[PDB]
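These notes are about the structure you will find just below.
Residue numbers (the deposited numbering), protein chains in the order written: chain X, 18 to 89, 113 to 407, 418 to 441, 457 to 1026, 1099 to 1354; chain X', 754 to 1026, 1099 to 1129. A prime marks a further copy of an entry chain.
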């Protein structure tokens, strides 16, 4: 719809519906089944011919082959008779969740139809006593309280459970058949049986509200699932194409064929990845080379860059446009209004992409999420916006799609009228044809609005011109910029520029028939305005030619001024301009700085200034910031009388451009509410000697014409000494030489909020990737450099992970990849990041993690330069360390009188910060091994100036670090023996042990050691229920052998229980319990003869282990005899004697309690225990036991969930890249 | 932005009345970005936002000349001194806080030793004492410094040294604030590490095309320095345990402007870090025995 503004009349070439042409949709994926993309106008042919997920997010590792010896993953296997070409006999298998192929904003997919049986919660209450102290039912209330907690705990956790399915595929003749276990249970042939989408099983199969497609690579080593779930990608294709057969809701070219290519990575959910794009272009390139040309691409997608002159992703774009003649359409961006805000796509290393601004016709008056189109100065100087149309996820306001479809229409007849064209001749044709809209912001568009039928005229005519196959490379001033952009800068002098203009033959200069050497290129150049000057003639016939141009800013009054140098073919001057040289000058207001703070007020007309706003008005004042200015204050109020107390809403976009930095590094975008009554005030950070743009637009008003009265006041105060903001803990006292701008109440505050540690690469393997997928034509194999890292959390905290050398750059980077994945100790996935990850904080539990970093490129010897690249882990500190300031050095070194707040006018004030004391550091519980602490240093007292005028601060840490007797030999020999008896064959140890005890009777430790051995050679370490459940069935072996193996267990626990009693009797606890709790007298009167805990705490640490090991042993026996009931007495008297010492939750006894709890039927307590263990260790065994606990409780909705965690939390392999 | 005094006098002339024709020309070019002149080895690629004063041929050079290590106080004993000598009337006993340190030279090199918090101040300091004495492994005296010792370089042979630091004052509870005071040892590096510059970031990360000298007028030029490779560091034979390297960063090409327009630069380093058989028992038992026969009474060892 809305299709009329650009054309509805070229359709009077009705046979130009989009025939013989296929568009490429780089986006969040599309949905074929959706009404409109079902078929092309043929009413029969399928439109969405292909669809990939180039991010690698949908990969599955089908590496494990297993023959269907089912008869003749994780759970079971059942599926044959389906030996349909399953040659040669085998099958591949893997596991994969799909919570990522799905936009993370669909957790509602988690519906509790049969999950809310938790609600039946039995809170057994207390008709007993009044306060906390009953004996001995305190355990009962514990057990009960703990069940309720457990239930609630699972309630809080439900939505976090991701489910992973089983995948199967084998090589039939019809291609490849893949099976997804929908019905997890019945492995029957009643599940998803999808075929290769490409090989024409181009059909969606569903789980529910989640359609799936499939591709196969690496000879069947990888499965690629494709997720439709992402609206953006669909509507984009619905505007470009969309056969509805009515020219009312139809796309712009219903006959055009679409190929969805998800370039968003679900793991980043859902950002673009260098890799993704590289793969997308790779495919395109491949398809073109192989007869199936794709003629147009459409990117409603993209971010910003820190430069244009460099980048691999960009340089590849210039190859898919120059070599494969693909017309690449991309949205200018949704980052308006403040100009110089065009983001990458299309701001790359050359004007090879068609940027499309977006405009809303007055025909559409309408009222968080608005987004102005980005304006086209372009920060290189060049021009990003090529045209406009009605309308990471560049919304596009979906008009890029429009244009894309429009470009399809032109290429319909351009090819069936047999017209030789280029991606240049097309972008060139549309440009010098469009209608400049005098009611739309000059910068927001570029060559006004697309006019198709007129642009086709241009192409039909001049079709016999060689200019159509020529590109004109325009690069400025040795940096190869694509435009002249004066914005430093107080432009009072004129300046000269050396522009290099070079002709480039469409593809390249290769014989047959190209390139017809020396295509005599003579052209003239006309300046758009008087203040720009250059020659009027230039001959390019013999290659690259330089040309000087002079800009005279002297006459230009403050504000932005634009101009262009159009060039024409001397001969046919009617071909319109061939190319343009974009000049754009910014003349800043200067603010005198002497009496009080510098202030900017718009010029006053007829008394009061008060700028007038309308639904269109965009006021952009360019101001050169005063030196010493740290922040700014924006005051504004609505003038025009009455209006009452109603509020107006204005959009403020501040934007400063810093040396080789993206526009997003000093920018603010705040929707400010303004009233007539009192003055509104917003503040923003500011940089001294550089131009600042104060762009103000009108959001929504309740009106349609207001009058704003505003001003900018400049304030500032900071440290001028060289290396302030960075302080080394071992370089003595730190100083800050503070100078303020015309008086400021100075009152500094420094809070070190998070501690960062450096992770060095353990390994750096460079490996070739796939020869099937990752190979850019022709013969360019893409290699990966895999860097491994070890992170180690000791105490749970919010942690961010980033790679300094790669972070900050997405496009415009030398390498086409970053992406790190934080892995669990169990190979699970904990987190995953890319560019700009320093901001994302994944909260980690204690334990050892792994991090993998993958860097892609085609030149191996460049990946080698990356092999030492480190990572950084920023731990959020619970307690932000606050640093004090001092005004007198000597007062600082001793830490006496602190600094006292006071005003500071035109002088220099020196403050000091003394190194942080050692005690305050260990109490900060820093990570290992911390490198530095970081925070923000604030100067001004003004509270609002504090929230904005923040200076990155860093505090770096300094590095860490008798002639033996036959008696002595006796002690040395026992220890040598004891150290052995634990690691030997228990039949050898029983001997050794005997010799030890005979020689050293009182040496009880020998008992415990034999135990550890006996219980390591004979019986598996398993928890209560897991032990019980594992004492039944399992018939694979012998029905007889099942006794000799379980009678070996009995003998052992018997032998084990007696070994404990030996360390229980001759260690009488009664008296041993007169020093620990009966301590009182610190160090026992400091007699320094018994001030040795080493002996006492030893006699007890040995005791607890004896009691502990005994109980857990006399409990297993009870289970073997099935009589925990008529044995429960001992377990109790035994458990009640341990607690008298270190409590049950200590490693020492933690899992004798688990048995006690079991024997008492306290399934609640068991949970409370098996979580303690799950906090330190986390083993599958913990979960299977935590599952069994539920089964015994009855909750099988819970246990069904626990069985899902496991499947995913303990994968077979690390997730692919 | 500060006043400069150009004072000119007459030394000796052969005459008694001359006429001087002189002028001062001001030049300049340096990095304006905040924490330049200080680069952490693990914070990725370093950048320098260079702005020159009315045109200067810019050609930077950075030589890391000496590696400094941090010495923490092993002990910090506060002790009363003499009641006969060190007592300021009337009844003010002067106490000393004695800080002990361990320095450890592995390879002979010129070394300077200084106490950051005390160095730089002689008078006008809160405490009335510094003075550190470097002692031999044999208790001999190797060196001894005070305020402004960061400049004196005592050449040390390999071996373990001791350093004592004495801080005097009459208020004990003020000496306690000093108890954590560290020292610094600057090892002169035989081979000054020379760092390369790049004009294009991407060219820097891969270490290709280096920066090419050129004039710079009224604009901003951004250069980059990539972290030093691990190999080039161990071949620099750094001390243990080095904290940072230091040197001087130069901007202008003018050779005379280089000898004078020096900027203190610092490069901080990142932190470092089966069921035995009766046969197996036999091997384990010999080793246990052998380990003994050396430390026993030789009459017992001859048996073993």
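Built from N, CA and C at the ideal position, the CB exists for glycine as well.
| query | result |
| --- | --- |
| Contact list for residue 1109 of chain X' against chain X, beta-carbon separation under 7 Å | 1117 |
| Within 8 Å, strictly: CB atoms of residue 998 of chain X and residue 1106 of chain X | no |
| Sequence-distant residues of the same chain with beta carbon closer than 8 Å to residue 976 of chain X, five excluded per side | 800, 801, 803, 813, 950, 951, 952, 964 |
| CB-CB length for residue 337 of chain X against residue 41 of chain X, believed under 8 Å | 4 Å |
| Residue 416 of chain X in three-state terms, based on DSSP | Absent here is residue 416 of chain X, because the residues of chain X run from 407 on to 418 with nothing modelled in between. |
| Cβ of residue 793 of chain X' within 8 Å of any chain X Cβ | yes |
| Residues that DSSP places opposite residue 732 of chain X in a beta bridge | X/720 |
| Anticipated Cβ contact below 8 Å, residue 704 of chain X with residue 783 of chain X, distance rounded | Not really, about 35 Å apart at Cβ, beyond 8 Å. |
| Meets three-Cβ-pair contact criterion under 8 Å: the region 166 to 183 of chain X and the region 129 to 143 of chain X | no |
| Three or more C-beta pairs below 8 Å linking the region 653 to 664 of chain X and the region 595 to 611 of chain X | no |
| For residue 916 of chain X' and residue 885 of chain X', believed in contact at Cβ under 8 Å, the rounded distance | 5 Å |
| Burial state of residue 1184 of chain X, where buried means 16 or more other Cβ atoms lie within 10 Å | exposed |
| Separation of residue 474 of chain X from residue 29 of chain X, as counted between CA atoms | 11 Å |
| Separation of residue 848 of chain X from residue 82 of chain X, as counted between CA atoms | 26 Å |
| Chain X' contact residues for residue 1025 of chain X, given Cβ-Cβ distances below 9 Å | 994, 1024, 1025, 1026 |
| Neighbour-count burial assignment, residue 881 of chain X, 16 or more Cβ in a 10 Å radius | buried |
| Paired residues, beta bridge with residue 698 of chain X - DSSP | X/748, X/778 |
| Sequence ranges, alpha helix (DSSP H) only - wholly within the region 1122 to 1164 of chain X, length at least 4 | 1123 to 1136, 1142 to 1154 |
| Contact belief for residue 933 of chain X' with residue 982 of chain X at Cβ below 8 Å, rounded distance in angstroms | 6 Å |
| Any C-beta of chain X under 8 Å from that of residue 781 of chain X' | no |
| Min CB distance residue 317 of chain X to chain X' below 8 Å | no |
| Alpha helix (DSSP H) segment containing residue 1115 of chain X, residue limits | 1103 to 1118 |
| Helix, strand or coil at residue 947 of chain X' according to DSSP, with G and I counted as helix | strand |
| Contacting positions in the region 798 to 819 of chain X' - beta carbon closer than 8 Å to chain X | 798, 802 |
| Proximity test, Cβ basis, 8 Å: residue 830 of chain X' and chain X | no |
| Through-space distance from residue 1277 of chain X to residue 1295 of chain X, alpha-carbon basis | 20 Å |
| In DSSP terms, what residue 39 of chain X is bridged to | X/297 |
| Per-residue DSSP class, three states only, for residue 886 of chain X | strand |
| Chain X within 8 Å of residue 1125 of chain X', Cβ atoms only | yes |
| Under 8 Å from the C-beta of residue 1021 of chain X': neighbouring residues of chain X | 793, 1021 |
| Cross-strand partners of residue 848 of chain X' (DSSP beta bridge) | X'/833, X'/922 |
| Between the CA atoms of residue 918 of chain X and residue 308 of chain X - distance to the nearest angstrom | 15 Å |
| Residue 955 of chain X': contacting residues in chain X (beta-carbon distance under 7 Å) | 350, 878, 879 |
| When X/1162, X/257, X/1140 are compared against residue 1200 of chain X, the one with the closest alpha-carbon | X/1140 |
| Euclidean distance between Cα positions of residue 300 of chain X and residue 68 of chain X | 5 Å |
| Of the residues X/190, X/255, X/795, the one placed nearest residue 241 of chain X, counting alpha carbons only | X/255 |
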